[PDB]
């Protein structure tokens, strides 16, 4: 279950002053691809320059696969006791009662260390820990009911035009699976309840305009094949796949920020993957480089 590549039993990377040990780097995590633990860590190391700004401050849930994606992996919200103290934790009060300590990935060392701990996919809050109930992202999470990319691509364009028509900045990323997130950056002046009411009301208006096409029906059977305008990530405690996060799918696809024009150049949500994304970055640059400069507020409050 190796692709031997000359690695030592343990490689030590030196990132931002921290020694990060990568044990068994030639262990295969993607069996159809021969993508090893080391190659995954190297992906997160080179992508860190663009990804760190997009995940810093966010409570992060880890989807870890110590034996690769062909075997069972797990979600983990409570930070491991053995993570070094320089890996930031956020202290969160559970609605249950009591507290949870989640990782916050505030720098490249942390990102690389989490990859070395077999994190494949990071999932992050729509808010940052210094104002954890006040999102800086509004997400519409679009998946096609027919598993056809054109279905989600056309919905994403219409939704973008509807938000652009109201005066909002609209950003976009693939999820590296089947879907797209349409994203409005926010200035953190409204709390989640306000943002989510907006998102639901917007979805409701869009549904009334295109009633055979879109739905906000919460029950899957009532949808009757219409695309769900999923506003439900806009709550405290919800996560979305991190921008530049790897999915646990063959080919190692990446949830990639893309421009609206680029949406027509691609063929599907898994267009970019750890092995072809560097060519993309070289040619196109980070589509979300200025996302936070466009941070805005909900109109008519």
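Numbering follows the first chain given and starts at 1.
For the segment pair 243-251 and 65-73, the entry gives 65-73 the higher mean B-factor, averaged over Cα atoms. Mean CA B-factor, 134-142 versus 95-103: the higher value falls on 95-103. Of the residues listed, 90, 108, 186, 120, the entry assigns the biggest Cα temperature factor to 90.
Remark: of 127, 207, 116, 151, 207 shows the highest value [criterion: C-alpha B-factor in the PDB entry]. Ranked against the other modelled residues of its chain, the C-alpha B-factor of residue 161 as given in the entry falls in the lowest third. When the modelled residues of the chain are ordered by their C-alpha B factor, residue 211 lands in the highest third.
In the PDB entry, residue 218 places in the highest third of its chain by CA B-factor. Per the PDB record, residue ranking by Cα B-factor puts residue 267 in the highest third of the chain. For residue 32, the recorded CA B-factor ranks within the highest third of the chain. Only modelled residues enter the ranking.
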